[PDB]
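Q: I am attaching a structure below and will ask some questions about it afterwards.
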Amino acid sequence: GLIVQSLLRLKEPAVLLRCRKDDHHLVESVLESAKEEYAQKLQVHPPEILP
Amino acid sequence: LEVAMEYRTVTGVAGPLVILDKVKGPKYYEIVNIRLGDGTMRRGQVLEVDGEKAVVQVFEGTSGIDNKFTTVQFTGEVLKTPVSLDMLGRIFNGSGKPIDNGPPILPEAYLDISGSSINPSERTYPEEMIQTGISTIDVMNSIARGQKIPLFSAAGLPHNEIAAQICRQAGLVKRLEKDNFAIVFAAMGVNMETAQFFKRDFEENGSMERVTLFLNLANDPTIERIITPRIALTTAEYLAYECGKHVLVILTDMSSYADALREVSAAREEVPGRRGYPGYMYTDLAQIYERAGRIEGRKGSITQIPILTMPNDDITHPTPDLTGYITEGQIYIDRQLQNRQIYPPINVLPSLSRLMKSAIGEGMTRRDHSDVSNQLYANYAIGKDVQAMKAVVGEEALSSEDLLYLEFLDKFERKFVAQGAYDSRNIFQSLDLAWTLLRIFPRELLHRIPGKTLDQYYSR
Amino acid sequence: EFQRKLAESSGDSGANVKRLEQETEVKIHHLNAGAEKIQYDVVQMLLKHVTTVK
Amino acid sequence: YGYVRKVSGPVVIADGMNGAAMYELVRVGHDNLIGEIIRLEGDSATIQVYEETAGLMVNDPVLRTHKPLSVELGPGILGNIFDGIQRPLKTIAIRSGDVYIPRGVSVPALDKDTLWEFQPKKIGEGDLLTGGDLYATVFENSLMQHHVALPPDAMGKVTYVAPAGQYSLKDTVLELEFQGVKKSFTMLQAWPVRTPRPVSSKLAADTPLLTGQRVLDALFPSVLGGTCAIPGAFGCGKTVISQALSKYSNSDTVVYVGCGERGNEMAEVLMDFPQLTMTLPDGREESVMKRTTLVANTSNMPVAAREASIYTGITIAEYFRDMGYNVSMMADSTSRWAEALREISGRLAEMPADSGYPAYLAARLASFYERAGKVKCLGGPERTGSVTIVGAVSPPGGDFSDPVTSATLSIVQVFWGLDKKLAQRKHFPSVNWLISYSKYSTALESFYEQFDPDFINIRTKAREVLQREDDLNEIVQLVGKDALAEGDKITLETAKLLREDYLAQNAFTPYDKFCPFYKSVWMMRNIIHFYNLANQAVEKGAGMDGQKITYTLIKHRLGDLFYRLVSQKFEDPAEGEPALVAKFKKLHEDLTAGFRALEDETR
């Protein structure tokens, strides 16, 4: 939810991403699932975020 | 549920303004926080916003700002203020940071400063009366609940000392006629010595429970001086209408507030208004004053007593003339009386209150109050004329009545005008003193005094 | 007479100090009792913490 | 690092800054003219030259010093002459034999090589120390004990303290340990010219300045560590009042920071600093150069230096107040300083608010004038100093509604308004007793009470007499003196007596050079007592006589007392306070005998 919200608010083609070193793997699992959610949320081409 | 976006696109630093480059949908007066590269935290207010570019005026100056290493966090809140009942008895900085070595206030509610104006239908005429303590104002130009009276003064006149005296000696007349009273004291651009004077006066006041003291120093940022009247009037509005308390607001040296408005207008790069001061000063001072009134719905009311310094020792200056046009009273501080060393330098002859009749009544104040006010005013004018006559003719040609007027003026200046800085007189006591002054005239001589009222009191 | 009045005033000041201490103790007791509501206020915050969605 | 893009007088644009700090000092060109940033626009920056700018070139290198403007604080600043850029002028003239000041000269503010003795204050190893702790003292000269102190942003444990000895400035003497780091220290410390030195607490002033001039000391008193305002007129004031502060003031040190002024006057006064010693110490004659420091920037100096010099002076004053010494800052500037602000605003293309003055003039003046007060210092032991500010404004001839004047009178508590008419009247003190005012009156109540309780009432009576004279001057000009009564006659006599004996102080004579408070209070008491006795005499008016007849009689019968009231000025203060007090008490007793025998004779 947090990623999706941040992507919606920031609303730019390419971004970076910083998170805690631990849980990065499940962050990776969240990643792309969110990107798809963002692309579906508004009629835009899915962003480059490959963070 | 919304989190701030910390921009780091500082592009261009000019004077007291810092400009951001790419800000996604800024608000106009969204308050904004700036972290220096060294880590110092300085606040600021967002000014005019263009398309994705926002210009920011910051407090505490612009020193230390770097284009690459300064980050700008956008709060997105338009300068809310915490206000609550317990705010009383504490001293606050220009922005509102508690300087009384006390805990930060726990907010009853967050309020927008520059609150929306009262529906004029809800306004009611001024009523009742309030004891300024100083007998001259209490009698000559009285002030009733709901009446906005400024106090014109000049640099070097003890305007601030008189304001502190009013703060100490303020109280409802209705107590004598038979705790809802409150004072929001906002001081704008006061000097360090006067700041210490106010702080000590509050420390040994003995009336802290009913007084809150907004304080904005000269060293404080100019925008803080601008916002100090706003937060002061907001707190007063809460404590008066939302809390049902009569409220007396004192604003000191609003010339500083006008100067700060001039500064911010120049910062906008807008053309200066007529006579140097900004054109919008009329609207600004109207918004500052018009918040004073009596609401029909709420028992509480607001009285506004700005202490406006008159530049060049005259009211011809744009700000004194403008505030006189807006407001409905003019009490004056005579330079000669201070030069003649009368601690209240009140200029009784220039002093006037438009709603004097409403303040004076039978239920509130005594019936003879207005009569003795008029009689003393006329007799004082006659005494000044007779003093001129004594000067020009050598005082031998004067009749007995002329000597009576002369001695009346002398006793008036000796006793009624001069008041102890800590001496407090109830309005009944002030009327008694004026009557004691009046006994020296014969009964027939008091032409202004109505019949059956003269014999009521002249008997003594 | 002034010395008698001053002794009375000192006694009154001491009694006022004691009454203020008692009132402060009562207020502290009320604040401590407020911890019961504070415990639920914490989870209320946590609820409004996670209301962030989408 | 960076290169110039645009040169227009003091304004010099330098593209290629990218990351640069607001007000960071940057050196420009081969000559390395030191300048500060005033306006960022992106990669570009705006730099005031602080020097002559003719002869720059596009693509000339610009280097960042990364540090804001700072003045080297340490032993050896007293009795030295500095430009606004903190340059020892005498050192420049000696090292380079040329009489001129070379363009872009880089000389340290204080000579590192010069030796100075040391004296630690029983400091022990391992002791915790804090900023502003007076750990040691140094005698820069006789009657001047420079107590070196820890920097405000410095604290730790004393691993090493130097033994007392002769040390150069570059030498380290104190080592501190804190948070597992070791910080060495030399005597010289750097402090930004803005951002006033930290203060533990600000205190309400208690003691007057007690200047040599009579009107300044009695009618318009000024407390220690308090603001002042003079219109900076010539002939007196900036020459007279300044001399009184320089040698006759009770302040331990004077920081004279004149800027934007006549060059010849400062040439003369600099020629006067080594001379004009004052024997303030009981056993030694304190040469004023020991207790003064001149920040001199003449009119030919660059415009930015006019802004910088004031802050350098106030920084030096704050430094001295940190040690507890009471120091006075006289500033002949703030008249031309507003002009400098106007110039820099005009070049920067800012929109002026009133009469061409940039709006923040008021804010900057408020900051500078509020940088002074009686302050309890930091660290141990507990000590207290003060800084007194005396800043000039536009000459009295012009309107007092000028924006600089209006801004000053808003914050300043004491205005010693000089009168052009008085100056033309050759009345040397030239202080107007109507426009001038001292808001500090209420504070000095305890001081006056403990000194002389009757002084307050006699001062009020003198003020009332002066006000009455000024008021009825118009009447007597119009109507004429014929209608004047006996009370008016004695009032005018007392007013003339004040204007001649009291408010007038030549200061070019030993009896008038300095007027101690004890002599001033006695003269005022005598004048007021004579006025009271005349009032009582004319009020009695009995025995088929009196009133104006009594006034004429006492004018002729008691003419000797009236004449020697004038000579009371000529009584030499050097004869000693007990003798002068005895003489004045005898004069008062004789005055009481007067109007008493005249009372007995009943006219």
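Since chain D takes its numbers from Swiss-Prot, the residues it shows come out as 21-623.
Header entry for method reads electron microscopy, 4.2 Å.
Cβ coordinates are placed from backbone N, Cα and C, and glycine is handled just like the others.
According to Swiss-Prot:
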- D:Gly252, D:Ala253, D:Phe254, D:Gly255, D:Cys256, D:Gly257, D:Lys258, D:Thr259: ATP binding site (BINDING)
Q: I'd like to know which of these binding-site residues, D:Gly252, D:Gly255, D:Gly257, is least surrounded, judged by other CB atoms within 10 A.
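A: Each of the binding-site residues D:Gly252, D:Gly255, D:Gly257 was scored; lowest Cβ tally within 10 Å is D:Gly255.
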Q: So for D:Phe254 (ATP binding site), how many other CB atoms are inside 10 Å of its CB?
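A: I count 11 other Cβ atoms within 10 Å of it.
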Q: Tell me the Cβ contacts of D:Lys258 (ATP binding site) under 8 Å, same chain only and six or more apart in sequence, or just say none.
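A: Listed in sequence order: D:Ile250, D:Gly252, D:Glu285, D:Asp352, D:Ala412.
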Q: With an 8 Å cut-off on Cβ distance to the D:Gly252, D:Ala253, D:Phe254, D:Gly255, D:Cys256, D:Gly257, D:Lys258, D:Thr259 Cβ center, who else from the chain surrounds the ATP site?
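A: Output for this site, in sequence order: D:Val260, D:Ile261, D:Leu438, D:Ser450.
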Q: Long-range same-chain neighbours of D:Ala253 (ATP binding site), Cβ under 8 Å, sequence gap at least 6?
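A: Expected: D:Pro415, D:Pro416, D:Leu438, D:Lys440, D:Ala443, D:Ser450.
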Q: In sequence order, what residues of the same chain, 6+ apart, have a Cβ less than 8 Å from the Cβ of D:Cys256 (ATP binding site)?
A: D:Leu438, D:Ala443, D:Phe448, D:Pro449, D:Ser450
Q: By a simple count, how many Cβ atoms lie within 10 Å of the Cβ of D:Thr259 (ATP binding site), its own Cβ left out?
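A: For D:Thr259 (ATP binding site), the count of other Cβ atoms within 10 Å is 14.
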